[PDB]
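As a starting point, one isolated chain is supplied in structure tokens, in the form deposited in one PDB entry.
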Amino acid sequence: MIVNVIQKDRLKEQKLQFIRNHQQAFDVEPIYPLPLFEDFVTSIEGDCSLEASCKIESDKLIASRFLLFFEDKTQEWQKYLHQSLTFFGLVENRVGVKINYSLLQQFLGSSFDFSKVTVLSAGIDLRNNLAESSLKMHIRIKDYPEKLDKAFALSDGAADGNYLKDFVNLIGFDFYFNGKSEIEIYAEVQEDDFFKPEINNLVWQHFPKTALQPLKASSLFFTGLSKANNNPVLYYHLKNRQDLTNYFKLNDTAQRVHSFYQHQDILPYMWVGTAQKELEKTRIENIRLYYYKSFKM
């Protein structure tokens, strides 16, 4: 029991430390209402991971981006969903806003089978312009064609975007403080399938050659299907964070983030998000960089 109490206190502080290291590097003052998210992550006592992210738009650095992944081995997905939604409710109460839950409600709608969930996340992207701040949730489903269809119906709709339907497992939800909400579906290719002839035919053929180069350093590739008809956002799961500069042509602002994280006590892998057109450039101007740390008993 004494072991358990010490570990719990330690995990609480390590989570706050990871959040504070990120915030203090990039924002002299924390963006309101970050402490609410801090309270949320410290309330999650089972195993989890945290994500800290920067979104770069030329010289603009957006850095109050944090996400928790529920990783407790018991996989009580409905409980974590309820914990996340209660946190969303506290944000609503404190800030004085009403969140638009309709897309999530419709997704869950008809008798949701939580045994089909494999990933659940909850987090924030906070801005000084309240209306542009958002809450975030991702749900990964496995062997659930009914809910894949539903997510597709909820997003943009018919072909194309439909051309990568059979590759979708992750669904994302954004909930803006102004009452606007969005859904996104993500097509994926895992490492073991990169060189399969059908994958070149179904996937790689429809992307420029520059899009294919970071796959050498990646274990996973995602693309967002509903937003931006041309110029989709491409996501790369780099096995080693050190490989970023070898595969992506970073501007000054993104270099600063990369430099900060090179020698932080974080997980070796990262995610990199960038629009297709950016990889065709001599220099990336718009990029998302995601860093991770695990918190286990």
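Shifts are known only where both forms have a C-alpha. In this text, rigid core is short for the largest set of C-alphas that superpose within 1.5 Å between two forms. Start at 1 and count along the sequence shown; that's the residue number.
Colleague: If you average the CA temperature factors as listed in the entry, which stretch comes out higher, 152-160 or 104-112?
Modeller: In the deposited entry, the stretch with the higher C-alpha B-factor mean is 152-160.
Colleague: Mean C-alpha B-factor higher for 180-188, or for 203-211?
Modeller: Per the deposited B-factors, the answer is 203-211.
Colleague: Between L81, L126, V168, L225, where does the Cα B-factor run highest in the record?
Modeller: If I rank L81, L126, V168, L225 by C-alpha B-factor, first place goes to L225.
Colleague: Given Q14, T274, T282, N21, identify the residue with the highest C-alpha B factor in the PDB entry.
Modeller: Largest recorded C-alpha B-factor: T282.
Colleague: Consider only the C-alpha atoms of the modelled residues in this chain, order them by B-factor as the entry records it, and name the third containing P197: lowest, middle or highest.
Modeller: For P197, whose C-alpha B-factor we compare with every modelled residue in the chain, the answer is the highest third.
Colleague: Could you place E51 in the lowest, middle or highest third of its chain by Cα temperature factor, using the values in the record?
Modeller: Lowest third of the chain for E51's C-alpha B-factor.
Colleague: Looking at the temperature factor on the CA atom of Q264, which third of the chain's modelled residues does it land in?
Modeller: As the PDB entry reports it, the C-alpha B-factor of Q264 lands in the middle third of its chain.
Colleague: Lowest, middle or highest third of the chain for the C-alpha temperature factor of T74?
Modeller: Within its chain, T74 is a highest-third residue by C-alpha B-factor, going by the deposited values.
Colleague: Lowest, middle or highest third: where is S64 by Cα B-factor in its chain?
Modeller: Its C-alpha B-factor belongs to the lowest third of this chain's values.
If you look for the form deposited in another entry, you will not find it shown, but the lines that follow are about it.
Colleague: Among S226, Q83, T118, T210, which is the residue that shifts its C-alpha 2 Å or more between the shown form and the other one, core superposed?
Modeller: Everything else stays below 2 Å; the exception is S226.
Colleague: Once both forms sit on the same rigid core, is the C-alpha displacement of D156 at or above 2 Å between the shown form and the other one?
Modeller: Result for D156: yes, a 2 Å-plus shift.
Colleague: Any idea whether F175 and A159 get closer or farther by CA distance in that other deposited form, knowing it moves 3 angstroms or more?
Modeller: Their C-alpha distance shrinks by at least 3 Å in that other deposited form.
Colleague: Since the Cα-Cα distance for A159 and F152 shifts by 3 angstroms or more in that other deposited form, is it a contraction (closer) or an expansion (farther)?
Modeller: Note: Cα gap between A159 and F152 shrinks in that other deposited form.
Colleague: Which parts of the chain move between the shown form and the other one, counting only runs of three or more residues whose C-alpha shifts are all 2 Å or more after core fitting?
Modeller: In sequence order, the runs that relocate between the shown form and the other one are 156-165, 225-231.
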